[PDB]
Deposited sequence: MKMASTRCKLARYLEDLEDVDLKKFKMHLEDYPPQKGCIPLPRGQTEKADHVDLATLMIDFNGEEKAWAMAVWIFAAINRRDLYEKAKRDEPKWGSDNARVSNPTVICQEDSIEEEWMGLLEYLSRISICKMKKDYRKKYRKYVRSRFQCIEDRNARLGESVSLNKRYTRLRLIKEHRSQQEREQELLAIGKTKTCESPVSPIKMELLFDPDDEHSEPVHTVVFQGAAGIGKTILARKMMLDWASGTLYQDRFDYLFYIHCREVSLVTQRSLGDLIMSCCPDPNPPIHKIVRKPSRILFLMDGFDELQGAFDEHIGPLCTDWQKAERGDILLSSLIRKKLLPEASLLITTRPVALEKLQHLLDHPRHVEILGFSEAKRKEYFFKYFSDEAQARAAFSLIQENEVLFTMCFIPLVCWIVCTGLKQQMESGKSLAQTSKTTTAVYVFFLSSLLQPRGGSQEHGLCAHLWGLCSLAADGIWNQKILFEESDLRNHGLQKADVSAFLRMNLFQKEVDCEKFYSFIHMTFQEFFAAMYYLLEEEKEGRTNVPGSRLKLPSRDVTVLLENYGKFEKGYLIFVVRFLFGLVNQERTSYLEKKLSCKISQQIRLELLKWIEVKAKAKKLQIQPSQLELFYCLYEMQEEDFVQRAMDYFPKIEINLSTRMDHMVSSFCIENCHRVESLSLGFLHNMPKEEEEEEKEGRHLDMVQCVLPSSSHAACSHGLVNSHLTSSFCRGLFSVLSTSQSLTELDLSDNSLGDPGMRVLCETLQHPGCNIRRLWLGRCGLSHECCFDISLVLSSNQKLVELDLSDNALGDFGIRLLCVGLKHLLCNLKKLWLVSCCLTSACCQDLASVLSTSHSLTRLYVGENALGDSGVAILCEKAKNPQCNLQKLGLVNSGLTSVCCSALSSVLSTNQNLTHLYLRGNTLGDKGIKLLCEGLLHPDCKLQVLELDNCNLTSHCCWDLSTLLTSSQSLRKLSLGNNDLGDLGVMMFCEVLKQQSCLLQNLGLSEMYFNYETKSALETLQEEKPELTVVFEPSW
């Protein structure tokens, strides 16, 4: 008769027109979902809400599963609700999906046994919708699974009895697993929202997902929020300015939830005729401020309130009934008070439960429970469950304990916490950090950036400085401004760190990290800085070099691998080399520092007081043209001993240039990395000359070249020289065969300095190895790995090599492949 899908769209539009779908909105004002402030969405590249499920750029491969990850408060629910409304309004997926089914994971039970009847309860009031009709057909239906991490109770990601078929009733965990794994109603689309931490389990269900990260408000979007929140423009501007002046809070406000909390606080202060001051610095300070302002205008119910929250965390319960409120001393009068002020919500769409306005608030109270003046009240058992899904990870519960357990405390509710307990907890928290600071990642989590968000929450230097004494090595990945703010605070107070590794994720290409590099330059203990494999391009190097010229820098080793640097950055690197007398090791591998960049770099390398000892220029798009400048550096440098230039186009002519100066007996070169440089036997006479004259050269790496047997003979003329002191010779993958074995054998029985000789991916043959075995027994000085890896031989040869290892144990390592 009529198309029932129209009624469903009408239902969705009337239901999702508001932000919460719940009452107690500070007098239940209309929240107006049209206020939605745009969130930043990055595909793992910026994307639009439309075309989200389109096939990718090759093979036209379709996507069924899309996962949206983000922090608590970033807007995963407001965004998923927005999609429901936009679709129902005909502004999104108009010709892609016939239905959108919104699944609220805080309502789904992992214990209760049910068929796929959620499709009934999640839609119109009609108790008997046409489930068996065309709505049963996949490819036109998208499910929105909102809050994977909010599922209450243990969840097993590995299930034997997957139980497909929507008609069969089964446990919620099994049912969700089959839906996520696309075994139940396959070829349907599924969108999942989750906190990044819960991906530890979800990753096993998804198989081949598309991932999108949700980022909060840009500075422009923060302003829009305030202007939309406050209908009075004069107030909106005053509020914005007050916050803008608070750099720390402004930074935190990238999270929509933080903006909401702050705005609500200011609104209440306006109504009461207060100063409107907002001086919060930490997440805890913001939450305490908010709750205090609401409780001030009652406060004797804090115990029951906190106890309720704590129970919910331990028993995995978010939704409460009147019985649960009464069981904790909450009954009607105070409950209503907590609806007038926005602490609880009841739900308005023909439902009656109670819950906290946000999971972070429930966790806040659950944390405060431990400090007041009944699951445990033992912080030890709490911490033991930190990394577990089963308890909701307790990330904010612990993070808030750090903030609450602080000597720098004030009045209003906070004063009701016990000082004796606070000290007991404080000490346990220090022990917890010491233990977690020394651990393997293993996807478990108090991840160093996380221990730093914990430390940031308490500004007490006496605590933080001691906590930071457990981090001799810091490895972190920063994606947002808040990550930098937190990292800088902790590093500024760390006097033990010797090695620091900083990753940068899509927000370098800019100066975002300037406020962190300015910290590193004042560190006295830091000696090694690793900034590899991140987009620290030219402008980023300029900032770093500015800080490396600081008189107290003390950085000795700097690793700059795939940083996206070009020749211009060498100008600034040179300036550092000409001033900073402490820098010893510099790795510039895998950059675009072509011949010109080296010419510039060499200006610093040839400078008096440049003490650089080790330089890596591997895969830097170099060719023979630059060898003239490198040769000049080798000729005069008093400190450069290690030079690695492989994986470049330094052909025979380039090597001959370097050799012309390297052969000088006064040259300090000790290790030469002429690896995958396209050398042939033509240049071996040059290398031979160097070996014969330069007694300081101890390591030569020629693997990947094509020297052949002729090259070996030429090198042997030098290697067999009485004044040659080479200790390590690597000739892997040099296109050598059995015809060179006579000369290699001669080397083994004549060289006095050789200790390690490495042959590898080449057709040495069985005759070759057997001949070596027969001479390696005759008081050979060779002690180290003989190589012969990635080589295959007959049974006799394998036995002979094993025999040699037992008979002549001085040659400890042969390293056969089998």
remark   = Residues of the deposited sequence that never got C-alpha coordinates are 1 to 132, 177 to 200, 454 to 461, 538 to 552, 687 to 724, 1036
